[PDB]
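Peer 1: Quick one: structure below, then a few questions.
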Number of protein chains: 2
Amino acid sequence: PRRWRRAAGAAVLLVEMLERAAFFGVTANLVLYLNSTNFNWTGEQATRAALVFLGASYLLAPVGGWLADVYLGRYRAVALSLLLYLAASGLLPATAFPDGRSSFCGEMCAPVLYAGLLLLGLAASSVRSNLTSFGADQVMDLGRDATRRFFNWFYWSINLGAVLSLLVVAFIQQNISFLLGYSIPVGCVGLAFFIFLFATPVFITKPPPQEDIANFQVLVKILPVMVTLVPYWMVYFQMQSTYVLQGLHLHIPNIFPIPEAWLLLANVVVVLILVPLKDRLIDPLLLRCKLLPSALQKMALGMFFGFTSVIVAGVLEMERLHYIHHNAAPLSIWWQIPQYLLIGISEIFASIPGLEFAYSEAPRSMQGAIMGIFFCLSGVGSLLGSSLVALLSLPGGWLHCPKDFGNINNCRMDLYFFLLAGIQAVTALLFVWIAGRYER
Amino acid sequence: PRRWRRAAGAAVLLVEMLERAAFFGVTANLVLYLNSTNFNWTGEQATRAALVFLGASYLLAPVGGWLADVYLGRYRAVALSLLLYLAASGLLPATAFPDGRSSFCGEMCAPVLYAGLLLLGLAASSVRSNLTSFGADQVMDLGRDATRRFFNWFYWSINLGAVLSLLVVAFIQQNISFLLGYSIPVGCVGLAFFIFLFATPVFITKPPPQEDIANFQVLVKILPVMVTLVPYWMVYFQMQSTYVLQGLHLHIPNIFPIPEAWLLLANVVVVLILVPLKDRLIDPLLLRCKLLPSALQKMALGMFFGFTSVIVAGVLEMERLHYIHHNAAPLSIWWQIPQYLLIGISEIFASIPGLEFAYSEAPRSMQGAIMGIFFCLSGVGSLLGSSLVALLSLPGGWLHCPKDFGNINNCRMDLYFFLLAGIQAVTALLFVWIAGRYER
């Protein structure tokens with residue numbers, strides 16, 4: 001933050017959102033290609049594959065980020081991850097041209113796509129973690145209140161980038177043609193890399209035994225704070241889809257003139273408005289009234305609202321079944337935006353304070369590695385959370401409610417939200433118990 | 001514990017159980033008399049008055065115990081409380097003889113009964129707290145493991161005394177006559193006082209500024225641990241009646257050949273068997289496996305089982321409504337004994353560790369006062385808990401389920417158990433948060 005800290009932060013947000021946009025675009029491209037040509041298993045997939053692939057990218061994040069920050073530095077890390085992304089986008093014309101496929105699966109299509117997906121996940125995770133670390137370092141050199149403000153703005157920028165990604169890739173790759181849908185990601189990546197190269201003067205670079213063993217004692221005390229985050233991430237990830245499932249069972253209203261995937265963006269637009277309100281209102285009042293949320297009570301209050309979000313979800317659940325007992329209806333569909341706003345309060349109070357929390361036990365030897373493993377907690381809660389959904393879907397019944405739009409089945413939506421509240425309360429009870437041993 | 005610590009402990013248990021028996025007997029006697037003669041309001045009461053009167057006794061416990069331990073000592077405290085009990089039992093012939101009533105409410109029946117009830121509550125609370133303090137002092141002079149064993153045995157003896165009280169007072173005062181029902185409490189009190197006077201040699205007596213101000217700093221740090229116990233006591237006391245209400249809505253089975261009040265004893269007999277199993281099995285394994293439950297994690301684990309007891313209660317709740325949706329039945333009435341055993345595990349892990357917890361921040365100037373205010377937390381959770389039940393009964397509906405045996409009403413039993421789980425989880429979250437500041 002020499003003189004253009006505003007321009008540096010803005011460029012960071014732009015390059016991050018464009019990276020996320022290109023990521024979603026190329027993932028949808030490769031998934032569609034795999035489903036189309038032969039790919040003998042065909043993936044057996046049309047949608048929801050993107051979420052599990054982002055979870056797999058989060059799973060691959062820790063080792064890639066660790067390698068990047070231990071054997072490549074911090075600037076060359078993003079540089080080479082973006083270069084591997086250029087390699088993936090230069091493999092993309094093989095997806096475009098039929099000669100590419102004829103040369104891929106004309107000899108020893110499947111393995112080259114496996115390698116491309118692996119490299120793409122590694123590069124995306126590395127560039128995400130390293131841009132987060134860049135912004136964090138810049139704002140820690142700037143100020144602590146500025147650090148919190150920039151973390152909130154960075155999460156808001158991630159959300160806006162995901163929204164614009166969804167909309168623009170859907171529009172381009174479904175409306176006009178395919179070659180434009182192939183040149184949009186490569187062009188956005190090129191212009192984001194140009195912006196990043198134009199921002200290298202205002203960016204501050206940093207250089208890459210018994211001191212390494214001392215880091216293990218720091219790991220054995222912060223990991224219990226992070227291994228207990230997996231149950232919290234396991235609970236929230238199905239709520240990102242069950243809230244869509246709960247909203248799908250309601251009568252949608254017609255006011256002011258893909259629907260099943262728009263509710264996925266509905267959880268994101270809630271974060272798009274909660275952060276600007278929390279940044280300008282909650283931040284000043286939290287300093288004057290002296291609530292003392294020293295980056296840990298904020299995370300505990302978020303999951304408290306997260307458990308309360310399940311309370312409003314469970315209360316709304318029984319309110320839907322009691323109307324059926326009266327003898328289908330919207331079932332207070334407008335009463336779902338508060339719990340959608342409440343889960344956004346839980347998300348803004350667990351991600352942004354959690355991101356700032358990870359930089360408290362940072363010590364600057366593996367600062368990028370602790371960020372990759374932090375995103376891994378979400379991916380583990382995503383894959384195992386989706387596996388818990390998939391396990392309760394085919395032979396389970398507890399997640400088989402989507403069939404027959406939840407009319408006659410062993411749905412047990414009341415038992416799931418009630419058991420999820422118990423798991424969330426246990427996760428909240430275990431966290432405060434571990435947080436009590438954290439300060440010790 | 002000079003040589004007859006076994007006999008001393010046994011005499012303590014006997015005098016405590018006989019005191020509780022006489023207490024229940026005389027309370028039922030006075031309630032029946034008030035309801036019978038005129039007592040213009042008539043109490044508007046037939047049953048459930050005993051619970052609220054025990055809650056009022058708990059409310060009066062703190063000031064009485066404080067006066068007893070600050071201006072009377074410890075032995076003279078029990079002595080004069082039992083003497084006031086003799087005064088109440090000598091007022092009881094006025095309840096018996098009609099001339100007593102003609103002289104009471106022939107001039108300035110109501111005020112003498114108010115004074116008698118006040119003195120009876122004060123004496124009962126004082127003798128209970130002082131017998132608890134006597135046993136605690138004896139076993140702390142004996143040993144710590146012996147202290148925990150005797151606390152468990154003392155709670156078990158309280159439960160057995162309540163059971164024998166119920167059964168014997170019901171049998172005598174309903175089967176044969178009334179004069180025997182009047183001589184049973186006075187005779188039991190006399191023989192218990194004789195046993196106590198026979199045990200004074202083995203009992204060890206104890207004698208009754210800036211040091212008093214220093215006790216306030218101890219109060220401002222242990223009260224938040226105890227004010228947060230009121231929500232836990234507020235949650236459990238309706239569960240002592242809602243479990244009876246939930247069991248009343250089921251089809252009772254016929255096996256091996258007052259029913260609505262027997263389930264109140266069903267929660268007590270569960271404690272009558274859980275303590276002997278916990279004393280001989282849980283105590284040895286807790287020492288060898290090194291779980292380190294240093295009198296606070298035990299209390300936190302109890303409410304964790306208490307919240308889990310609501311989980312099994314809530315899961316059983318939706319299991320009862322789902323059968324009605326299938327289209328009344330026992331609704332797995334035998335699946336209620338685990339949650340009855342689970343709430344007994346929560347009770348044995350919150351009372352006995354809580355009693356031992358109160359003696360950790362004891363310091364021996366007001367050791368009897370901290371026990372009276374501890375029982376006051378249950379009474380406050382009892383009266384306000386019953387008030388919450390009464391508030392949700394007439395205009396509420398959430399507790400109006402007993403009417404029409406929960407067939408057609410605004411029962412909302414699913415919303416109550418779900419909201420009670422949230423309040424219990426908040427109480428559990430607030431406790432661990434306060435317990436974290438306790439060791440600090």
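Residue numbers start at 1 in each chain; chains themselves are named A, B, ... in the order of the structure tokens; ligands are numbered from 1 in the order shown.
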Name all residues at most 10 Å from residue 402 of chain B (count only C-alpha atoms; drop same-chain ones fewer than 2 positions away) and give them as a PyMOL selection string.

Peer 2: chain B and resi 242+245-246+248-249+393+397+399-400+404-407+409+411

Peer 1: Pull N, CA and C atoms from the residues just selected and write them as a compact mmCIF listing (two decimals), in the first residue's frame.

Peer 2:
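Everything below was put into selection_26.txt:
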# COMPACT_ATOMS: atom_id res chain seq x y z
N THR B 242 -43.54 -32.68 30.79
CA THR B 242 -43.85 -32.94 29.39
C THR B 242 -43.61 -34.40 29.03
N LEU B 245 -46.55 -35.84 29.97
CA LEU B 245 -47.55 -35.48 28.98
C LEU B 245 -47.35 -36.27 27.69
N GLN B 246 -46.10 -36.44 27.26
CA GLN B 246 -45.83 -37.23 26.07
C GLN B 246 -46.17 -38.70 26.29
N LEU B 248 -48.51 -39.67 28.34
CA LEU B 248 -49.96 -39.76 28.52
C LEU B 248 -50.68 -39.85 27.18
N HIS B 249 -50.11 -39.28 26.13
CA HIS B 249 -50.70 -39.34 24.80
C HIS B 249 -50.50 -40.68 24.11
N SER B 393 -50.51 -22.28 28.45
CA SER B 393 -51.62 -23.21 28.66
C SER B 393 -52.97 -22.58 28.38
N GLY B 397 -51.58 -22.22 24.04
CA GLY B 397 -51.80 -23.35 23.18
C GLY B 397 -50.62 -24.29 23.08
N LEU B 399 -48.74 -25.25 25.40
CA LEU B 399 -48.85 -26.16 26.53
C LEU B 399 -50.28 -26.57 26.81
N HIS B 400 -51.23 -26.19 25.96
CA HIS B 400 -52.62 -26.60 26.10
C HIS B 400 -52.89 -27.97 25.49
N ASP B 404 -58.38 -32.44 25.55
CA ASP B 404 -58.78 -33.39 24.50
C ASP B 404 -57.65 -34.37 24.17
N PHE B 405 -56.85 -34.70 25.19
CA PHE B 405 -55.68 -35.57 25.09
C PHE B 405 -54.87 -35.35 23.82
N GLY B 406 -54.71 -34.09 23.42
CA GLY B 406 -53.93 -33.75 22.25
C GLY B 406 -54.46 -34.33 20.96
N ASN B 407 -55.75 -34.11 20.68
CA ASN B 407 -56.38 -34.61 19.46
C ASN B 407 -56.60 -33.51 18.44
N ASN B 409 -56.17 -29.39 18.58
CA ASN B 409 -55.80 -28.17 19.31
C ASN B 409 -54.59 -27.56 18.63
N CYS B 411 -51.59 -27.53 19.60
CA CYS B 411 -50.61 -28.13 20.51
C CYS B 411 -49.20 -27.65 20.20

Peer 1: Report the closest atom pair, with its distance in Å rounded to one decimal, for each residue of chain B that has an atom no farther than 9 Å from chain A; count only C-alpha atoms, sort by chain and then rising residue number, and write it as JSON lines.

Peer 2:
{"residue": "B:304", "atom": "CA", "partner": "A:426", "partner_atom": "CA", "distance": 8.3}
{"residue": "B:307", "atom": "CA", "partner": "A:422", "partner_atom": "CA", "distance": 8.3}
{"residue": "B:308", "atom": "CA", "partner": "A:422", "partner_atom": "CA", "distance": 7.7}
{"residue": "B:311", "atom": "CA", "partner": "A:422", "partner_atom": "CA", "distance": 7.1}
{"residue": "B:314", "atom": "CA", "partner": "A:418", "partner_atom": "CA", "distance": 7.6}
{"residue": "B:315", "atom": "CA", "partner": "A:415", "partner_atom": "CA", "distance": 6.4}
{"residue": "B:318", "atom": "CA", "partner": "A:414", "partner_atom": "CA", "distance": 7.0}
{"residue": "B:319", "atom": "CA", "partner": "A:415", "partner_atom": "CA", "distance": 8.6}
{"residue": "B:322", "atom": "CA", "partner": "A:412", "partner_atom": "CA", "distance": 8.6}
{"residue": "B:325", "atom": "CA", "partner": "A:325", "partner_atom": "CA", "distance": 7.9}
{"residue": "B:412", "atom": "CA", "partner": "A:322", "partner_atom": "CA", "distance": 8.6}
{"residue": "B:414", "atom": "CA", "partner": "A:318", "partner_atom": "CA", "distance": 7.0}
{"residue": "B:415", "atom": "CA", "partner": "A:315", "partner_atom": "CA", "distance": 6.4}
{"residue": "B:418", "atom": "CA", "partner": "A:315", "partner_atom": "CA", "distance": 7.5}
{"residue": "B:419", "atom": "CA", "partner": "A:311", "partner_atom": "CA", "distance": 7.6}
{"residue": "B:421", "atom": "CA", "partner": "A:422", "partner_atom": "CA", "distance": 8.6}
{"residue": "B:422", "atom": "CA", "partner": "A:311", "partner_atom": "CA", "distance": 7.1}
{"residue": "B:425", "atom": "CA", "partner": "A:425", "partner_atom": "CA", "distance": 6.4}
{"residue": "B:426", "atom": "CA", "partner": "A:304", "partner_atom": "CA", "distance": 8.3}
{"residue": "B:428", "atom": "CA", "partner": "A:429", "partner_atom": "CA", "distance": 7.4}
{"residue": "B:429", "atom": "CA", "partner": "A:429", "partner_atom": "CA", "distance": 6.2}
{"residue": "B:432", "atom": "CA", "partner": "A:432", "partner_atom": "CA", "distance": 6.7}
{"residue": "B:433", "atom": "CA", "partner": "A:432", "partner_atom": "CA", "distance": 6.8}
{"residue": "B:435", "atom": "CA", "partner": "A:436", "partner_atom": "CA", "distance": 8.9}
{"residue": "B:436", "atom": "CA", "partner": "A:436", "partner_atom": "CA", "distance": 5.6}
{"residue": "B:437", "atom": "CA", "partner": "A:436", "partner_atom": "CA", "distance": 8.6}

Peer 1: Near residue 118 of chain B, within 10 Å and counting only C-alpha atoms, which residues show up once chain neighbours fewer than 6 positions away are dropped, as a list in words?

Peer 2: residues 56, 57, 60 and 112 of chain B

Peer 1: Near residue 247 of chain A, within 10 Å and counting only C-alpha atoms, which residues show up once chain neighbours fewer than 2 positions away are dropped, as a list in words?

Peer 2: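 Skipping anything fewer than 2 positions along the chain leaves residues 241, 242, 243, 244, 245, 249, 250, 251, 252, 260, 263, 330, 331, 333 and 336 of chain A.
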
Peer 1: With only C-alpha atoms as the counted atoms, please give the residues lying no more than 9 Å from residue 184 of chain A, apart from itself and same-chain residues fewer than 3 positions off, as an MDAnalysis selection string.

Peer 2: chainID A and resid 22 25 169 172 179:181 187:189

Peer 1: Atom CA of residue 199 of chain A and atom CA of residue 76 of chain A are how many Å apart?

Peer 2: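 One can read the atom CA of residue 199 of chain A to atom CA of residue 76 of chain A distance as 14.7 Å.
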
Peer 1: If you measure from atom CA of residue 84 of chain A to atom CA of residue 109 of chain A, what distance in Å do you get, rounded to one decimal?

Peer 2: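 Distance reported for this atom pair: 19.0 Å.
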
Peer 1: Quick one: residues within 12 Å of residue 16 of chain A, only C-alpha atoms, excluding same-chain residues fewer than 5 positions away - as a ChimeraX atom specification?

Peer 2: /A:9-11,21-23,78,82,124-135,153-162,165,188-189,192-193,195-196

Peer 1: Let's see if you can do this: from backbone DSSP, list all alpha helix (DSSP H) residues in segment 10-90 of chain A, as a PyMOL selection string.

Peer 2: chain A and resi 10-36+49-71+75-90

Peer 1: Write out as a ChimeraX atom specification each polymer residue whose atoms come within 10 Å of residue 337 of chain A, counting only C-alpha atoms; drop sequence neighbours fewer than 5 positions from it.

Peer 2: /A:266-267,270,342-343

Peer 1: What is the atom CA of residue 69 of chain B-atom CA of residue 368 of chain B distance in Å, reported with one decimal?

Peer 2: 5.9 Å

Peer 1: Of the candidates A:269, A:281, A:139, A:299, which one gets nearest to residue 1 of chain A if we count only C-alpha atoms?

Peer 2: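 Once distances to residue 1 of chain A are computed over only C-alpha atoms, the minimum belongs to A:139.
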